[PDB]
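**Q** What follows is a structure written as structure tokens; I'll ask about it next.
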Amino acid sequence: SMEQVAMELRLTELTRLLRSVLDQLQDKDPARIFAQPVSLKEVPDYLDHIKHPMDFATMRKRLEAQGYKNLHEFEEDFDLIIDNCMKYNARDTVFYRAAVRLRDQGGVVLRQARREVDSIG
Ligand code: NA
């Protein structure tokens, strides 16, 4: 149906916009702290602590399968990246502090993406 096609074109355009968001967020992480999964071969106890690991590469795979149906879904995964880091790492560490900073700088990017998704429909 043409209705189905139109929904598919909307999902594609949302995907395009979330790609630009994901690239922008990732530029706020030049050290690449959040780029890849934590390796269970080097924080071997990680999964006893953190139930839903998340990272930018994992988000990118989901994005490329058009796996985010709305901005809220994409935001939830970004929030897992930050929140997991702030739980596993202590307040005094480079990792916790990098998560605070990414959250702060990511706020700006996400605030405008919400306006664009609402405005474009
Ligand atoms: Na903690």
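Residues in the structure tokens are numbered from 1 in each chain, the chains being A, B, ... in the order shown, and ligands are numbered from 1 in the order shown.
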Got a sec to tell me which of chain A DSSP assigns to alpha helix (DSSP H), as a VMD selection string?
**A** chain A and resid 2 to 26 46 to 49 56 to 64 71 to 88 94 to 120
**Q** Kindly save the residues from that selection, with C-alpha atoms included, as a PDB file, in the first residue's frame.
**A**
ATOM      1  CA  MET A   2       0.896   3.599  -0.440  1.00  0.00           C
ATOM      2  CA  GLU A   3       0.082   4.258   3.276  1.00  0.00           C
ATOM      3  CA  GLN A   4       2.748   1.623   4.171  1.00  0.00           C
ATOM      4  CA  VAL A   5       5.218   3.269   1.837  1.00  0.00           C
ATOM      5  CA  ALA A   6       4.633   6.664   3.432  1.00  0.00           C
ATOM      6  CA  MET A   7       5.297   5.224   6.938  1.00  0.00           C
ATOM      7  CA  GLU A   8       8.513   3.643   5.579  1.00  0.00           C
ATOM      8  CA  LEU A   9       9.674   6.978   4.116  1.00  0.00           C
ATOM      9  CA  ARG A  10       9.007   8.654   7.508  1.00  0.00           C
ATOM     10  CA  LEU A  11      11.067   5.950   9.358  1.00  0.00           C
ATOM     11  CA  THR A  12      13.868   6.531   6.868  1.00  0.00           C
ATOM     12  CA  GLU A  13      13.852  10.286   7.353  1.00  0.00           C
ATOM     13  CA  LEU A  14      13.840   9.807  11.173  1.00  0.00           C
ATOM     14  CA  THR A  15      16.820   7.426  10.758  1.00  0.00           C
ATOM     15  CA  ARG A  16      18.619  10.115   8.751  1.00  0.00           C
ATOM     16  CA  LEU A  17      18.111  12.674  11.506  1.00  0.00           C
ATOM     17  CA  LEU A  18      19.138  10.195  14.263  1.00  0.00           C
ATOM     18  CA  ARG A  19      22.329   9.489  12.303  1.00  0.00           C
ATOM     19  CA  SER A  20      23.212  13.157  12.431  1.00  0.00           C
ATOM     20  CA  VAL A  21      22.374  13.199  16.184  1.00  0.00           C
ATOM     21  CA  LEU A  22      24.545  10.091  16.755  1.00  0.00           C
ATOM     22  CA  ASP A  23      27.530  11.606  14.930  1.00  0.00           C
ATOM     23  CA  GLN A  24      27.125  14.890  16.915  1.00  0.00           C
ATOM     24  CA  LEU A  25      26.990  13.037  20.292  1.00  0.00           C
ATOM     25  CA  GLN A  26      29.943  10.946  19.398  1.00  0.00           C
ATOM     26  CA  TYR A  46      30.720  -6.101  34.419  1.00  0.00           C
ATOM     27  CA  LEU A  47      27.531  -8.034  33.779  1.00  0.00           C
ATOM     28  CA  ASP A  48      26.927  -8.703  37.526  1.00  0.00           C
ATOM     29  CA  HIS A  49      26.720  -4.917  37.826  1.00  0.00           C
ATOM     30  CA  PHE A  56      27.799   3.981  20.405  1.00  0.00           C
ATOM     31  CA  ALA A  57      28.647   1.116  18.040  1.00  0.00           C
ATOM     32  CA  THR A  58      25.673  -0.844  19.313  1.00  0.00           C
ATOM     33  CA  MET A  59      23.417   2.180  18.743  1.00  0.00           C
ATOM     34  CA  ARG A  60      24.847   2.600  15.219  1.00  0.00           C
ATOM     35  CA  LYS A  61      23.975  -1.057  14.378  1.00  0.00           C
ATOM     36  CA  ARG A  62      20.420  -0.508  15.609  1.00  0.00           C
ATOM     37  CA  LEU A  63      20.156   2.727  13.631  1.00  0.00           C
ATOM     38  CA  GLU A  64      21.336   1.134  10.414  1.00  0.00           C
ATOM     39  CA  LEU A  71      13.410   9.814  19.383  1.00  0.00           C
ATOM     40  CA  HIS A  72      12.426   8.543  22.847  1.00  0.00           C
ATOM     41  CA  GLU A  73      13.870   5.055  21.989  1.00  0.00           C
ATOM     42  CA  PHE A  74      17.116   6.578  20.800  1.00  0.00           C
ATOM     43  CA  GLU A  75      17.348   8.780  23.929  1.00  0.00           C
ATOM     44  CA  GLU A  76      16.839   5.746  26.187  1.00  0.00           C
ATOM     45  CA  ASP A  77      19.902   4.028  24.717  1.00  0.00           C
ATOM     46  CA  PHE A  78      21.997   7.249  25.044  1.00  0.00           C
ATOM     47  CA  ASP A  79      20.879   7.491  28.690  1.00  0.00           C
ATOM     48  CA  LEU A  80      21.980   3.871  29.294  1.00  0.00           C
ATOM     49  CA  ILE A  81      25.485   4.728  28.066  1.00  0.00           C
ATOM     50  CA  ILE A  82      25.704   7.571  30.617  1.00  0.00           C
ATOM     51  CA  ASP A  83      23.837   5.958  33.460  1.00  0.00           C
ATOM     52  CA  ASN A  84      25.697   2.631  33.321  1.00  0.00           C
ATOM     53  CA  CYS A  85      29.025   4.460  33.414  1.00  0.00           C
ATOM     54  CA  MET A  86      27.941   6.567  36.436  1.00  0.00           C
ATOM     55  CA  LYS A  87      26.919   3.444  38.330  1.00  0.00           C
ATOM     56  CA  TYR A  88      29.933   1.227  37.624  1.00  0.00           C
ATOM     57  CA  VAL A  94      37.844   9.967  34.586  1.00  0.00           C
ATOM     58  CA  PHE A  95      35.053   7.659  33.298  1.00  0.00           C
ATOM     59  CA  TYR A  96      32.340   9.054  35.575  1.00  0.00           C
ATOM     60  CA  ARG A  97      33.420  12.601  34.811  1.00  0.00           C
ATOM     61  CA  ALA A  98      33.443  11.911  31.039  1.00  0.00           C
ATOM     62  CA  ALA A  99      29.794  10.642  31.387  1.00  0.00           C
ATOM     63  CA  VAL A 100      28.742  13.826  33.224  1.00  0.00           C
ATOM     64  CA  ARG A 101      30.296  15.916  30.460  1.00  0.00           C
ATOM     65  CA  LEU A 102      28.714  13.856  27.659  1.00  0.00           C
ATOM     66  CA  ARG A 103      25.316  14.107  29.332  1.00  0.00           C
ATOM     67  CA  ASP A 104      25.697  17.925  29.598  1.00  0.00           C
ATOM     68  CA  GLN A 105      26.871  18.437  26.024  1.00  0.00           C
ATOM     69  CA  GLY A 106      24.386  15.837  24.732  1.00  0.00           C
ATOM     70  CA  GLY A 107      21.483  17.765  26.322  1.00  0.00           C
ATOM     71  CA  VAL A 108      22.004  20.596  23.807  1.00  0.00           C
ATOM     72  CA  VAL A 109      21.963  18.243  20.782  1.00  0.00           C
ATOM     73  CA  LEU A 110      18.898  16.294  21.990  1.00  0.00           C
ATOM     74  CA  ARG A 111      16.917  19.416  22.865  1.00  0.00           C
ATOM     75  CA  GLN A 112      17.067  20.631  19.257  1.00  0.00           C
ATOM     76  CA  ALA A 113      16.506  17.145  17.798  1.00  0.00           C
ATOM     77  CA  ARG A 114      13.195  17.034  19.761  1.00  0.00           C
ATOM     78  CA  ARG A 115      12.113  20.355  18.224  1.00  0.00           C
ATOM     79  CA  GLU A 116      13.104  19.138  14.668  1.00  0.00           C
ATOM     80  CA  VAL A 117      11.269  15.773  15.022  1.00  0.00           C
ATOM     81  CA  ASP A 118       8.142  17.583  16.323  1.00  0.00           C
ATOM     82  CA  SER A 119       8.385  20.308  13.658  1.00  0.00           C
ATOM     83  CA  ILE A 120       9.064  18.014  10.625  1.00  0.00           C
TER      84      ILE A 120
END
**Q** Ranking A:121, A:31, A:91, A:41 by minimum distance to ligand 1 and counting only C-alpha atoms and all ligand atoms, which one comes first?
**A** A:91
**Q** For atom CA of residue A:54 and atom CA of residue A:42, determine how far apart the two atoms are, in Å to one decimal place.
**A**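 Separation between atom CA of residue A:54 and atom CA of residue A:42: 15.9 Å.
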**Q** What is the atom CA of residue A:43 to atom CA of residue A:89 distance in Å?
**A**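 According to the coordinates, atom CA of residue A:43 and atom CA of residue A:89 are separated by 11.5 Å.
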